[PDB]
Amino acid sequence: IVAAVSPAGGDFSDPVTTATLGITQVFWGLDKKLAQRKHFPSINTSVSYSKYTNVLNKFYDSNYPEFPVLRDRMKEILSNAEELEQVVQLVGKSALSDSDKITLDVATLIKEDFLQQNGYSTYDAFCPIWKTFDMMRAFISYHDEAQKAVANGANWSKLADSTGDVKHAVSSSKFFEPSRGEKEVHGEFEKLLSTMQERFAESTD
Amino acid sequence: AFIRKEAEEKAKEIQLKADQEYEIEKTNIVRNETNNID
């Protein structure tokens, strides 16, 4: 059952929103913030939730994908980056640390290269399960590699200096191709971790 | 001479860190796989 509710001004106080949210085991919300900017499909990470997500994780484990882990990690990164946004908007961008900045940069990367997919495009219009899973996995790998590199005593900016290649590569995973060539993507991720190792070698020195 | 010595030292440190990473990853993967099986 898929039913569209059109509350006045998008307010949850409308009878429609409440009555809908009451009997629903899952709800996908639509935001007018990124829709007004002609940005891709807009969904609130602080609003949209599903109660069927658990059995969905159990079902996604059939493909031996990690739905729950990647989703919780990305949601935590999103919440921490949102709080980081509140703090940066409060004081400034010079009042934060390297890890928080990495969280904000990762938030931007997840915003531009993941949640936003052009429906009019010949690629981003439809995203396969394996494509999104590999994208989230490679994103998590780059995030873990960056977090580990930051723990080695390297600055986030200095780490972001030689990582432009991996960044452009992570942003280029939206186009890709048909079912054939998934190996090229996973391999590109391996080349990304290897690139991280090369950067580590470069740092010393 | 200094370039050669620094390169040799960097490669040596890379090798030591490589072996250390091998043993550490051995213990870690052992614990992780054991946790998965359990």
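So the sequence lines, in the order shown, correspond to chains B and M.
Residue numbering for the first sequence follows PDB author numbering, beginning at 413 and increasing consecutively.
Residue numbering for the second sequence follows PDB author numbering, beginning at 22 and increasing consecutively.
The beta-carbon is built from N, C-alpha and C at its ideal position, and this holds for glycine as well.
What whole-angstrom Cβ distance do residue i and residue j have, given they're in contact under 8 Å?
{"i": "B:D536", "j": "B:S585", "result": "B:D536 to B:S585, Cβ: 10 Å. No contact."}
Is it true that the CB of residue j sits closer than 8 Å to the CB of residue i?
{"i": "B:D473", "j": "B:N456", "result": "no"}
{"i": "B:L496", "j": "B:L508", "result": "yes"}
{"i": "B:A550", "j": "B:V518", "result": "no"}
{"i": "B:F545", "j": "B:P590", "result": "no"}
{"i": "B:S462", "j": "B:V438", "result": "yes"}
{"i": "B:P480", "j": "B:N469", "result": "yes"}
{"i": "B:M486", "j": "B:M548", "result": "yes"}
{"i": "B:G441", "j": "B:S460", "result": "yes"}
{"i": "B:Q528", "j": "B:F471", "result": "no"}
{"i": "B:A566", "j": "B:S615", "result": "yes"}
{"i": "B:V428", "j": "B:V417", "result": "yes"}
{"i": "B:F612", "j": "B:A561", "result": "yes"}
{"i": "B:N475", "j": "B:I552", "result": "no"}
In terms of DSSP beta bridges, what is residue i paired with?
{"i": "B:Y461", "result": "B:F439"}
Assign residue i to one of three DSSP states: helix, strand, or coil.
{"i": "B:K450", "result": "coil"}
{"i": "B:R549", "result": "helix"}
{"i": "B:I413", "result": "coil"}
{"i": "B:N466", "result": "helix"}
{"i": "B:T616", "result": "coil"}
{"i": "B:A420", "result": "helix"}
{"i": "B:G565", "result": "coil"}
{"i": "B:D426", "result": "coil"}
{"i": "B:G599", "result": "helix"}
With a threshold of 8 Å between beta-carbons, can residue i be considered close to chain D, or not?
{"i": "B:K579", "result": "Given the protein chain composition of this structure (B and M), no chain D is represented."}
Does the segment 504-514 of chain B come within contact of the segment 577-596 of chain B, defined as at least 3 CB pairs closer than 8 Å? No: the two stretches stay apart, fewer than three of their Cβ pairs being nearer than 8 Å.
Is there contact between the segment 583-602 of chain B and the segment 31-48 of chain M, where contact requires at least three CB pairs shorter than 8 Å? Contact between the segment 583-602 of chain B and the segment 31-48 of chain M is absent, because fewer than three Cβ pairs lie under 8 Å.
Does the contact criterion of 3 or more C-beta pairs under 8 Å hold for the segment 603-610 of chain B versus the segment 550-566 of chain B? Here the segment 603-610 of chain B makes contact with the segment 550-566 of chain B; the two share three or more CB pairs at distances below 8 Å.
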